[PDB]
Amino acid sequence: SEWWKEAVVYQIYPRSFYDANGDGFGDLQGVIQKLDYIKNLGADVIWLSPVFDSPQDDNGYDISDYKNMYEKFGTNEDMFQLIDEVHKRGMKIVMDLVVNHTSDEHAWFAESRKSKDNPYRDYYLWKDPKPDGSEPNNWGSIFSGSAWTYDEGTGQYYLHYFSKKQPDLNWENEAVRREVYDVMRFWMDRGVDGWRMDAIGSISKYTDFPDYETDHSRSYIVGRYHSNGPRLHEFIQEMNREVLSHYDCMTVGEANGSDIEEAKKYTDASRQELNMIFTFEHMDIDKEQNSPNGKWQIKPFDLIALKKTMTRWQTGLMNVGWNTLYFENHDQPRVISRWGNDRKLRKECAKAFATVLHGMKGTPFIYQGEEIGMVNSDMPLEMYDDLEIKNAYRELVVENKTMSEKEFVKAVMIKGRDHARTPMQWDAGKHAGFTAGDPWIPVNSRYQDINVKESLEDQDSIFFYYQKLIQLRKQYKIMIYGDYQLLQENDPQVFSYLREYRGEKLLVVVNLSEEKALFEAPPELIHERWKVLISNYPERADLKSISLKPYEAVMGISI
């Protein structure tokens, strides 16, 4: 019944969504002007990536003021208008709560770093060097190198799981927890309907700061201590009591480090923590388990791995907790370029991934441009902006030489976060109609073929297929509330599953390959009668045997 169970969320990356004022940078009035597009697609919740003041070292995820906008986005007045405009359309708005860390340019850190007696000293995590001057331990940053940076003025290191310009907050300090709760109330009292909680898995530290054990492949290590800390769930339960229980809200945690048991801790309603989380396990199927090259040590797409991972999540949260459903966000490449065909079969592939995802139990998330089949960019490496890439090149290619330049370029072309961050493609005109000026990063060179304007003129578009999926969700309660059973589990091409609710069945059959495949219903389903709800090819309704063309996707309901 809860609105968030029945929602479809559209994720905006606002610097890349619409530039209303011509500076090349997407803005809050831009978002306003495109709200009717999102409403017409059908999404009823928007998640806005962070627009708070920030020096932009990590494109807004390094916050220097939680109570004001970054000037290129607009002012608080424009934010308040956006909240009001969202509400007027019967929609909800979720903001990005970034409270594992702040910018080093936040007033709190500028103060903390001055002296050991500063009142903000213990807002962050400061530790003495080892006796040889080296770092307190061997922990690494997610953006390469050490998780510790030295401050000459006070003789201590500070912790940062992310960039050196993202010092981690000290959640052991009650003053810090109180500062966070007051930020949350400020915005929720002003109409924000919930939060996406950035790196929420990291807020509790192992306060002994133990070294990782090692066998020798790397100097700095990112591992189990970087998430799922001993006080994590205590802190989120306190957040619930102090803040979330006082509002009609939605929460989604970006649960780095999460496995299915951790997800039950976050999401079981009886624990009074969060409503849902993002996991990375389905996004992690195409990296090697633990290479020094991390995410950049790529493996080919393995459908059986995807099936097994997603099924573990569907079954684990079937009757407790709640799933998020996503393949794209501002941190992930375009799924059709990563794992499918983004050329002659692009429309069929995009619709196929959409069908697998939207037929599951949980809340779907559509990332800007996914609904039109946006693709990875062919831009050269020198055009990429992401500090993750810049830092990984220097560590992996230049310094440690654990990847060649050619290997690393290839990996970036597949997984770079910037594939998600090139401007939204509105039309075929200059800069895809994203700006009249010069965009902050180039528009994908394929935009004249892939844009909203052409999609709305094509009844076979990916857009209309997404719009139909979202309508179907609203019409067929089985899509929200049904259980889940994987079918024909061993097929290396076909992802097929069944939902059941109140005597109805929903069969989802998707060929996630470029070659022909065959689905045969299991014996218990062979005498069912079906109506086809949606297909990405022209179709019929004898779903007991389906000869599947490349990327063919079908969803049928029992009648």
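Each residue number is its position in the shown sequence, starting from 1.
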| property | result |
| --- | --- |
| Mean C-alpha B-factor comparison - 419-427 and 455-463, higher one | 455-463 |
| Residue range whose averaged C-alpha B-factor is higher in the record, 208-216 or 130-138 | 208-216 |
| Out of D65, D27, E514, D57, highest CA B-factor residue | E514 |
| Member of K468, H87, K264, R177 with the greatest C-alpha B factor (per the PDB record) | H87 |
| CA B-factor placement of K116, once the chain's modelled residues are sorted into thirds | highest |
| Modelled-residue ranking by C-alpha temperature factor, third containing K351 | lowest |
| Entry-reported Cα temperature factor of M188, expressed as the chain third it lands in | middle |
| Lowest, middle or highest third - CA B-factor, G433 | highest |
| CA B-factor ranking of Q332, expressed as a third of its chain | lowest |
